Structures are given as structure tokens and as C-alpha cells.
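These notes concern the structure reproduced below.
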Amino acid sequence: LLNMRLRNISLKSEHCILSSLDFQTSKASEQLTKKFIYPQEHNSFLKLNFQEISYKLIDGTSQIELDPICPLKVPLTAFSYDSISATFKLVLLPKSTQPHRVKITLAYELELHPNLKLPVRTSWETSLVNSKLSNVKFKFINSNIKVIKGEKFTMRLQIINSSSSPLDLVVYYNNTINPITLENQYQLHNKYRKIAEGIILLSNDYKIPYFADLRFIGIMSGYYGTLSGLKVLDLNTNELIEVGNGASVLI
Amino acid sequence: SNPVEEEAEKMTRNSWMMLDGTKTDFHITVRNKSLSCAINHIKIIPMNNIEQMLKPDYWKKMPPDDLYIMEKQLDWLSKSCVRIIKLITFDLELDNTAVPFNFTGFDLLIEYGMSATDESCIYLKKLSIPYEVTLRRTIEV
């Protein structure tokens, strides 16, 4: 009851859940010690946090922070430190423990000594393109973020199919404007315009035959996150697989 | 009742080129916490002893076969590059898969990594990771 603490956990896409703990001197404790300190004419407190650490599991391992941290001391403040946990594909929820050491130094070198230790579970409170029909999956083997200029470049698809008939699909980019509140109308027009002529495929209408190298050239500068022009058509039972993957900046 | 103590201690299609992979995937290395290897691995370099088996398969093939070194062994596709180590994990070494001369008979691979943390005793349990790789026929005579 001197510094209220909370922990926030987020799930990054790079298979590393990041959990950040936040500490803040609570206002009720602030006024509680503040009137008794201002009786002796003190305006700013001094809670010296000298040893803050987090532990892992039933065997105690000290996972470090993401940056440096000295031994600080301040009043009426808040500070947050972020550790990087490991992403779990199973349903084993990791339970961690944190500990601090607040030295509540009253003045003229007459200090008290306080320590605290919480322990809880680091929950989070709740791409590979796959089709809807068959076993056919898509994933770009080369890193989906890429930094290019407006020059010629290459990109690499990959197909994991049912081995019964691996062939009979075609790719094409469809360089035409999709046929569409004037402000939202023109915003959707600018999205559909810079999609339809931003990059151009240097081999479209292209029969596939488990790799498939397909080659572009990029014209217009900008970050094309989930570049969604190119559209792999499946010949038999005529449907379309969108490929919402890949993101190329062109600067 | 006689007790003891309790001591605490996916590839793709490849051509005939050489692919050097630096691996930093989700290696377990199931020690207690924050396992420092203290003698790190730089380059594992497999597909060497597969060639050192394949050239004696040629030589074994040269006379009639009477199981001198071909006696039911399917260890061509095993690729068991034993990674020996000394005394929360560490990133793996460079692969350098290096398929420049290898048969079409294999379509799979595995590995084995010796997890070691020895304190005046013998070695410990050992962890193994497989790798499925297919090969591309780039050229023939």
C-alpha cells in the first residue's frame, strides 16, 4: 500500500510475447504519508527503489529487461519495465514472480526499509495463406518484408498441395481499377488506384508447372502491406484464392 | 525401497547448390534456466559422412556384394550429425547443408545434439531434431 503495480502482456507476431510491468505510487498512500511529512515540512517524498527483479518459474531464473536500468529514486511517479517471454504453442501458462525493494527514506538519513514480492501467471486475456477447399497452402519462402528500389526484383511462392493432381492453377495480377461520403469514396479510390498500378507482374497469366518463382517489377513508391493485386486462380471448380501476404517497401 | 538422488542439470526443395542456414528457431535445450553452452557451435556442416558412405557404396558396388559395409543399414537418410557440446537457450550453428554430391536415394534427414552440463561426472541426455528436405534434379548426363 505504497506503490500500486500492474503487469500488461502483449503478443508480438515474431514468436515472442512481451510482458511489461508498470509501477505507480498510489494517491491514497501519497496523501497518507504526505500530510505527516508536510507536518515536518516535506513536499516531495523519497522512495528509493534499489533492487527490482523478476523471476521465472519453480527454478528461479532472472529474465532481464529489454534495456538498462539504474537504481533510481523519485516521488509521485510511474515507471514500466518490459521483459520478453517466449511464445508457447501449448496450453502451459507460465507463472512468474516479481520483486522490488522500496527504501522509504524519511529525511535526515533516517530511512525505513520495505520490500514487496508479487507472483502471478503471465496470461494475455485472449501469414501462411491456406485455402478453404483442399490441402493447398501458400507461403512466401523469402522474407515478406523486403527493401527494394523501383528496379527489377524477384519473389518466391511455395505450394504444399495434395499430391493427387499438384498442377492446374494460374496466377495473374489484374491491373485494373476495382469498380467502387465523397471522402470515403475518394479514399477507397486511392486505395484501389495504388493497388492496381503500384507494382506490375512481369509474368502474368502464368501456368504453374514444390516452388513457383514469380517475378515482378515495382513502379510506384510506398509500403504495400498485404499487397492484394495478385490472385491465384484455381482452374478446376472455378474459384479464386487470394494471397494476402508479403509487404514490400519501395524506398 | 531402494532410492537414488535427484540431480539438477521442415525444409523445402533444394537444388544442387550449397545452402548455409543460420538457425535461431525454438530449440528447447531442456536444462534448468538460461543454459549457457560455454563452448559454442559455429558451423555444424552435414552431408560429409553421407559422401564418406556413398563413395564406399560405389567401391562396395565395384565387387560383388557380401555385406562388408552394406548390411541392412538405412543410415543414408539418417544424416545423424552428432553435435557434441561441453558444460533460456542458445541459437543453433550455421548449417551449410552443401548438397554438391549426394544421391537421390534419400528424401529425409535427422540430427542429434548432445545436451551437456557435466560437473565431475559423465555426459547426459541428448536431444534430436529431424529435418524433411526434398531434392531437385537440376541436370543429368
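FYI, nothing fancy with the C-alpha cells labels: chains A, B, ... in order, residues from 1 per chain, ligands from 1 as they appear.
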
- Task: Return the neighbours of chain A among the residues of chain B, cut-off 8 Å, counting only C-alpha atoms, as a list in words.
- Result: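 The answer, sorted by residue number, is residues 12, 13, 32, 33 and 34 of chain B.
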
Expected file contents, prior selection, C-alpha atoms, as a PDB file, in the first residue's frame:
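Saved as again_31.pdb:
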```
ATOM      1  CA  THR B  12      11.913 -27.264 -48.700  1.00  0.00           C
ATOM      2  CA  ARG B  13      13.018 -28.182 -52.216  1.00  0.00           C
ATOM      3  CA  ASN B  32      17.085 -25.647 -15.709  1.00  0.00           C
ATOM      4  CA  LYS B  33      17.183 -21.980 -16.794  1.00  0.00           C
ATOM      5  CA  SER B  34      19.350 -19.786 -19.089  1.00  0.00           C
TER       6      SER B  34
END
```

- Task: With a distance cut-off of 12 Å and only C-alpha atoms, select the neighbouring residues of residue 56 in chain B, excluding the residue or stretch itself and same-chain residues fewer than 3 positions from it, and output the selection as a count of residues only.
- Result: 15

- Using only C-alpha atoms: which of B:26, B:131, B:119, B:77 has the shortest distance to residue 54 in chain B: B:77

Residue 85 in chain B surroundings by only C-alpha atoms, 8 Å radius, close-in-sequence under 3 positions cut, as an mmCIF file with C-alpha atoms, in the first residue's frame:
```cif
data_model
loop_
_atom_site.group_PDB
_atom_site.id
_atom_site.type_symbol
_atom_site.label_atom_id
_atom_site.label_comp_id
_atom_site.auth_asym_id
_atom_site.auth_seq_id
_atom_site.Cartn_x
_atom_site.Cartn_y
_atom_site.Cartn_z
ATOM 1 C CA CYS B 37 26.760 -23.698 -23.576
ATOM 2 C CA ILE B 39 31.766 -23.911 -25.931
ATOM 3 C CA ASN B 40 29.620 -22.684 -28.794
ATOM 4 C CA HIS B 41 28.947 -24.274 -32.172
ATOM 5 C CA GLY B 113 22.526 -32.653 -30.374
ATOM 6 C CA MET B 114 24.342 -33.685 -27.189
ATOM 7 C CA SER B 115 22.916 -31.582 -24.355
ATOM 8 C CA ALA B 116 25.792 -31.400 -21.878
#
```

- Task: Tell me, in Å to one decimal, how far CA of residue 149 in chain A is from CA of residue 137 in chain A.
- Result: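 Computed distance, CA of residue 149 in chain A to CA of residue 137 in chain A, equals 29.5 Å.
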
- Message: Could you pull out the strand (DSSP E or B) residues of range 1-135 of chain B, going by DSSP on the backbone, and write them as an MDAnalysis selection string?
- Response: chainID B and resid 13:14 22 43 82:83 94 109 112:113 127 131 134:135

Using only C-alpha atoms, please write the residues we just selected to a file, as a PDB file, in the first residue's frame.
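What landed in part35.pdb:
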```pdb
ATOM      1  CA  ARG B  13      13.018 -28.182 -52.216  1.00  0.00           C
ATOM      2  CA  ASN B  14      16.762 -27.833 -52.790  1.00  0.00           C
ATOM      3  CA  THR B  22      21.933 -19.883 -39.532  1.00  0.00           C
ATOM      4  CA  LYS B  43      29.169 -24.393 -38.279  1.00  0.00           C
ATOM      5  CA  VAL B  82      26.199 -35.547 -33.691  1.00  0.00           C
ATOM      6  CA  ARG B  83      26.668 -32.091 -32.169  1.00  0.00           C
ATOM      7  CA  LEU B  94      25.447 -22.426 -39.302  1.00  0.00           C
ATOM      8  CA  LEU B 109      17.183 -36.141 -42.725  1.00  0.00           C
ATOM      9  CA  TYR B 112      21.149 -35.275 -32.776  1.00  0.00           C
ATOM     10  CA  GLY B 113      22.526 -32.653 -30.374  1.00  0.00           C
ATOM     11  CA  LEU B 127      18.123 -34.171 -27.885  1.00  0.00           C
ATOM     12  CA  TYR B 131      14.538 -32.111 -40.997  1.00  0.00           C
ATOM     13  CA  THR B 134      13.341 -32.778 -50.951  1.00  0.00           C
ATOM     14  CA  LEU B 135      15.862 -32.549 -53.782  1.00  0.00           C
TER      15      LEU B 135
END
```

- Selection near residue 10 in chain A, 6 Å with only C-alpha atoms, sequence-local residues under 5 positions removed, as a PyMOL selection string: chain A and resi 17-19

- Contacts of range 244-250 of chain A within 9 Å, only C-alpha atoms, excl. fewer than 3 positions in-chain, as a list in words: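 Contacts, with the query itself left out: residues 127, 128, 129, 139, 140, 143, 144, 145, 146, 147, 148, 149, 150, 218, 219, 220, 221, 222, 223, 224, 225, 226, 227, 228, 229 and 230 of chain A.
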
Those residues you just picked out, can you put them in a file as a compact mmCIF listing (two decimals), in the first residue's frame with N, CA and C atoms?
```txt
# COMPACT_ATOMS: atom_id res chain seq x y z
N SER A 127 1.44 -13.84 -43.23
CA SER A 127 0.92 -15.07 -42.64
C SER A 127 0.85 -16.19 -43.67
N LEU A 128 0.66 -17.42 -43.19
CA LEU A 128 0.57 -18.58 -44.06
C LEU A 128 -0.82 -18.63 -44.68
N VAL A 129 -0.91 -18.40 -45.98
CA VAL A 129 -2.19 -18.41 -46.68
C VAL A 129 -2.63 -19.84 -46.91
N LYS A 139 2.86 -19.93 -48.89
CA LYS A 139 3.76 -19.19 -48.01
C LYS A 139 4.93 -18.72 -48.84
N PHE A 140 5.35 -17.48 -48.62
CA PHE A 140 6.48 -16.94 -49.36
C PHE A 140 7.73 -17.31 -48.58
N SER A 143 11.70 -13.74 -47.06
CA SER A 143 11.21 -12.80 -46.05
C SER A 143 10.25 -11.77 -46.62
N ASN A 144 9.05 -11.72 -46.04
CA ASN A 144 7.93 -10.99 -46.63
C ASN A 144 8.14 -9.49 -46.58
N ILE A 145 8.84 -9.01 -45.56
CA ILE A 145 9.36 -7.65 -45.60
C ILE A 145 10.61 -7.65 -46.48
N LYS A 146 10.65 -6.73 -47.45
CA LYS A 146 11.84 -6.57 -48.27
C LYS A 146 11.99 -5.10 -48.63
N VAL A 147 13.23 -4.65 -48.74
CA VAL A 147 13.53 -3.26 -49.05
C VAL A 147 14.14 -3.22 -50.44
N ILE A 148 13.42 -2.63 -51.39
CA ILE A 148 13.84 -2.53 -52.78
C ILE A 148 13.73 -1.08 -53.21
N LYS A 149 14.38 -0.77 -54.32
CA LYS A 149 14.16 0.49 -55.01
C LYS A 149 13.13 0.16 -56.10
N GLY A 150 12.82 1.06 -57.03
CA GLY A 150 11.92 0.77 -58.13
C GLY A 150 12.46 -0.08 -59.27
N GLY A 218 8.53 -3.28 -59.58
CA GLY A 218 7.78 -2.31 -58.80
C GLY A 218 7.91 -0.92 -59.38
N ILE A 219 6.77 -0.26 -59.58
CA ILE A 219 6.82 1.07 -60.17
C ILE A 219 6.75 2.12 -59.07
N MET A 220 5.66 2.15 -58.32
CA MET A 220 5.31 3.33 -57.53
C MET A 220 5.75 3.15 -56.09
N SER A 221 6.36 4.19 -55.54
CA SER A 221 6.92 4.14 -54.19
C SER A 221 5.82 4.12 -53.14
N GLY A 222 6.10 3.45 -52.03
CA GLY A 222 5.15 3.28 -50.94
C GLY A 222 5.26 1.89 -50.35
N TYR A 223 4.74 1.74 -49.14
CA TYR A 223 4.72 0.45 -48.46
C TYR A 223 3.42 -0.27 -48.80
N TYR A 224 3.54 -1.41 -49.48
CA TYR A 224 2.37 -2.19 -49.90
C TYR A 224 2.22 -3.35 -48.93
N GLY A 225 1.74 -3.03 -47.73
CA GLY A 225 1.39 -4.08 -46.79
C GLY A 225 0.13 -4.79 -47.24
N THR A 226 0.19 -6.13 -47.18
CA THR A 226 -0.75 -7.11 -47.78
C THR A 226 -1.16 -6.73 -49.21
N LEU A 227 -0.14 -6.71 -50.08
CA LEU A 227 -0.30 -6.41 -51.50
C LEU A 227 -1.18 -7.47 -52.15
N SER A 228 -2.39 -7.04 -52.52
CA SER A 228 -3.50 -7.94 -52.77
C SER A 228 -3.97 -7.87 -54.21
N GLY A 229 -3.12 -7.41 -55.12
CA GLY A 229 -3.46 -7.46 -56.52
C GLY A 229 -3.45 -8.88 -57.06
N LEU A 230 -2.37 -9.62 -56.79
CA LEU A 230 -2.16 -10.92 -57.43
C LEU A 230 -3.09 -11.96 -56.82
```

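Backbone DSSP assigns alpha helix (DSSP H) in range 32-251 of chain A to residues 32, 33, 34, 35, 36, 37, 182, 183, 184, 185, 186, 187, 188, 189, 190, 191, 192, 193, 194, 195, 196 and 197 of chain A.
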
- Query: Of the candidates A:124, A:172, A:50, A:45, which shows the shortest atom-to-atom distance to residue 234 in chain A, using only C-alpha atoms?
  - Reply: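 Of A:124, A:172, A:50, A:45, the one nearest residue 234 in chain A is A:172, counting only C-alpha atoms.
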
- Message: What's around residue 51 in chain A at 12 Å? Count only C-alpha atoms, leave out sequence neighbours fewer than 5 positions away in its own chain, and write the answer as an NGL selection string.
- Response: :A and (69-73 or 98-103 or 114-117)

- Query: Out of A:197, A:151, A:125, A:242, which residue has the shortest atom-to-atom distance to residue 9 in chain A when counting only C-alpha atoms?
  - Reply: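 So, comparing all the options, the nearest one is A:125.
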
- Message: Using only C-alpha atoms, which protein or nucleic acid residues come within 9 Å of residue 139 in chain B? Drop anything in the same chain fewer than 2 positions from it, and give the result as a count of residues only.
- Response: 3
